[PDB]
K.L.:
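Structure provided below as structure tokens; questions to follow.
Index from 1, following the sequence. Remember, it's 1-based here, ligands and their atoms both numbered in the order they're listed.
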Amino acid sequence: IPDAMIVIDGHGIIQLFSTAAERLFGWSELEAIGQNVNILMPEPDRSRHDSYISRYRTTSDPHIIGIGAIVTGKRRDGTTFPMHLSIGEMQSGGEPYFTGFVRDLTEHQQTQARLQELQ
Ligand code: HEM
């Protein structure tokens, strides 16, 4: 059962954008592909994302890879949302590539929030 998956190169450039990713983020394949993955997140992560990838490539010490994390994503329409992110590392043509699997947690957040306010 497919999820929103994205594939970037070692510079954060999108290479593949799944159909489900399109529905979640609001960007079509063609629109996303040549863009930096940072277009899918609000600030401050956005401007710091390249340094996150860079930091990892040099230190080889993961903070999300093999760990997973829940973060805020940003749609094309400008709206933000909570999402769980898992990152896999791969190799192709001698260069590193990264695979991201996104799980939308909007509903989860809403339910939890609704239960919270209804006492
Ligand atoms: C769309 C919302 C996203 C957010 C908010 C986000 C956020 C972050 C943050 C906060 C870090 C490093 C912070 C720390 O030092 O612990 C990070 C690292 C990284 N992100 Fe993202 N990211 C997103 C999407 C993606 C996607 C889609 C990919 C690849 C398909 C990706 C690949 C990476 C890589 C390779 C690293 C560094 C490796 C590591 O520290 O484990 N990120 N991201």
Side-chain angles (χ1 to χ4, degrees):
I1 295 69
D3 238 314
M5 103 155 265
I6 298 164
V7 178
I8 63 174
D9 54 21
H11 296 303
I13 301 299
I14 297 178
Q15 300 294 319
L16 300 171
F17 204 68
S18 77
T19 301
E22 280 173 348
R23 308 202 189 196
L24 180 59
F25 292 100
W27 299 103
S28 99
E29 284 192 302
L30 288 177
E31 308 183 305
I33 287 181
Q35 222 76 327
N36 191 112
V37 64
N38 65 38
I39 59 165
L40 303 172
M41 61 193 78
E43 287 295 354
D45 282 333
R46 188 168 193 294
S47 292
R48 288 169 175 159
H49 204 281
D50 291 315
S51 73
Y52 298 154
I53 293 178
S54 167
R55 191 203 109 294
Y56 173 64
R57 297 190 61 178
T58 69
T59 68
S60 180
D61 190 59
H63 286 176
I64 290 187
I65 296 180
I67 291 176
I70 295 185
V71 299
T72 305
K74 182 174 192 163
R75 302 171 209 278
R76 183 180 178 187
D77 81 1
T79 60
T80 63
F81 67 110
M83 57 171 261
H84 174 280
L85 172 71
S86 302
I87 302 172
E89 187 170 5
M90 292 171 204
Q91 289 291 304
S92 178
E95 298 314 311
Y97 277 67
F98 293 103
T99 291
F101 291 102
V102 182
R103 198 65 173 176
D104 177 30
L105 279 31
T106 299
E107 192 180 302
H108 295 274
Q109 181 177 63
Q110 291 180 176
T111 302
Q112 162 178 151
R114 194 50 193 291
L115 283 181
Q116 181 173 63
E117 70 167 306
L118 300 181
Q119 177 175 61

K.L.:
With respect to atom 36 (C) of ligand 1, which of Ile14, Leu24, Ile70, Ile53 exhibits the smallest heavy-atom separation?
P.N.:
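Comparing heavy atoms across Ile14, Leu24, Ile70, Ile53, the nearest one to atom 36 (C) of ligand 1 lies in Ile53.
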
K.L.:
Looking only at protein heavy atoms, which one is nearest to atom 1 (C) of ligand 1, and what is the separation?
P.N.:
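Ranked first by proximity to atom 1 (C) of ligand 1 is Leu40 O, 3.4 Å.
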
K.L.:
Among protein heavy atoms, which lies nearest atom 2 (C) of ligand 1, and at what distance?
P.N.:
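Heavy-atom neighbour on the protein nearest atom 2 (C) of ligand 1: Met83 CE, 3.7 Å.
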
K.L.:
Return the closest protein heavy atom for atom 18 (C) of ligand 1 as residue, atom name and distance.
P.N.:
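Going by distance alone, atom 18 (C) of ligand 1 is nearest to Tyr52 CB, 3.6 Å.
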
K.L.:
What residue and atom, counting heavy atoms only, is the protein's closest point to atom 3 (C) of ligand 1, and at what distance?
P.N.:
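So the nearest neighbour among protein heavy atoms is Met41 CE, 3.6 Å.
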
K.L.:
Of all heavy-atom pairs between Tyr52 and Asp45, which one has the smallest distance, and what is that distance?
P.N.:
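Heavy-atom minimum between the residues: OH-OD1, 2.6 Å.
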
K.L.:
Would you indicate whether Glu89, at its atom CD, is surrounded by more than 12 heavy atoms from other residues, nucleotides or ligands within a distance under 6.0 Å?
P.N.:
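Yes.
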
K.L.:
How many angstroms lie between OG in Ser47 and CE in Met41, if you round to the nearest 0.5 Å?
P.N.:
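So the OG of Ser47 and the CE of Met41 are separated by 10.5 Å.
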
K.L.:
Rounded to the nearest 0.5 Å, how far apart are CD1 of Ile70 and CD of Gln109?
P.N.:
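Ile70 atom CD1 to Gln109 atom CD measures 10.0 Å (nearest 0.5 Å).
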
K.L.:
For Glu117, is the CD atom crowded, meaning more than 12 foreign heavy atoms sit under 6.0 Å from it?
P.N.:
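For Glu117, atom CD is crowded (more than 12 foreign heavy atoms under 6.0 Å).
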
K.L.:
For ligand 1, which atoms have a heavy atom of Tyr56 less than 4.0 angstrom away?
P.N.:
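Near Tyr56, meaning under 4.0 Å from one of its heavy atoms, ligand 1 has 37 (C), 38 (C).
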
K.L.:
Below 4.0 angstrom from a heavy atom of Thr72, which ligand 1 atoms are there? Numbered from 1 as shown, please.
P.N.:
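Reading through ligand 1 atom by atom, the close ones are 5 (C).
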
K.L.:
Looking only at protein heavy atoms, which one is nearest to atom 24 (C) of ligand 1, and how far off is it?
P.N.:
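Answer, as residue, atom name and distance: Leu85 CD2, 3.6 Å.
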
K.L.:
Going by the angle between their ring planes, with limits at 30° and 60°, are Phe25 and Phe17 parallel, tilted or perpendicular?
P.N.:
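Tilted.
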
K.L.:
Can you see which heavy atom on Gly100 is nearest to which on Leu85, and at what distance?
P.N.:
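Scanning both residues completely, I find the closest heavy atoms to be CA-CD1, 4.3 Å.
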
K.L.:
Got the closest protein heavy atom to atom 29 (C) of ligand 1, with its distance?
P.N.:
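The closest heavy atom on the protein side is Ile8 CD1, 3.5 Å.
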
K.L.:
Please identify which atoms of ligand 1 are closer than 4.0 Å to at least one heavy atom of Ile87.
P.N.:
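Numbered from 1, ligand 1 contributes 20 (N), 31 (C), 32 (C), 33 (C), 34 (C).
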
K.L.:
Is there a polar contact, in the sense of an N or O pair closer than 3.5 Å, between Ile65 and ligand 1?
P.N.:
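Min N/O separation from ligand 1 is below 3.5 Å for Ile65.
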
K.L.:
Under 4.0 Å from a heavy atom of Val71: which atoms of ligand 1 are those, numbered in the order shown and with their elements?
P.N.:
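Ligand 1 atoms under the 4.0 Å threshold to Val71: 4 (C), 5 (C).
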
K.L.:
Determine, considering heavy atoms only, which of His49, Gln15, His63, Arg48 sits nearest to atom 15 (O) of ligand 1.
P.N.:
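Ranked by closest heavy atom to atom 15 (O) of ligand 1, first place is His63.
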
K.L.:
Considering only heavy atoms of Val37, which atoms of ligand 1 have at least one such atom less than 4.0 Å away?
P.N.:
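Result: 26 (C), 27 (C).
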
K.L.:
Any idea which heavy atoms bring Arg75 and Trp27 closest together, and the distance?
P.N.:
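Scanning both residues completely, I find the closest heavy atoms to be C-NE1, 4.5 Å.
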
K.L.:
Would you mind running through ligand 1 and noting each atom that sits below 4.0 Å from a heavy atom of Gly100?
P.N.:
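Near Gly100, meaning under 4.0 Å from one of its heavy atoms, ligand 1 has 30 (C).
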
K.L.:
With rounding to the nearest 0.5 angstrom, report the NE2 to CD distance, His11 to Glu95.
P.N.:
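Answer for the NE2-CD pair, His11 versus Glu95, is 7.0 Å.
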
